[PDB]
């Protein structure tokens, strides 16, 4: 897998973000994570504030497509998003602000890594795991 440059256009919520990718606006759905809904589940707004702050404060944003399908049915890019080298998908799970979701169409490169972060948050009874 390889990281490609991107520019934050707009944070949308925990599991979605709008980026300028290859010079065109595009909406991305973070791979392997399930964040609470804000439109308003519990920790829904926390998850959203988390990704917004992480993405807006980042100097560099990068998108990393997995080896499976790259877009969902709604035209959203399916990727791991990095902010200054740190994966937003992982940070979310680690902070207990998202659960690891089912593998989708062969996109599972980082499934174990997120599985680990999630076990740790659970053990720490962090947020959603409170």
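Numbering follows the first chain given and starts at 1.
Unmodelled stretch separating residue 39 from residue 40: 4 to 9 residues (count of deposited-sequence residues without coordinates). Comparing the deposited coordinates for 93 to 101 and 40 to 48, the stretch with the larger average C-alpha B-factor is 40 to 48.
Higher mean CA temperature factor, per the PDB entry, when comparing 13 to 21 with 102 to 110: 102 to 110. In the PDB entry, a CA B factor belonging to the highest third of its chain's modelled residues is recorded for residue 57.
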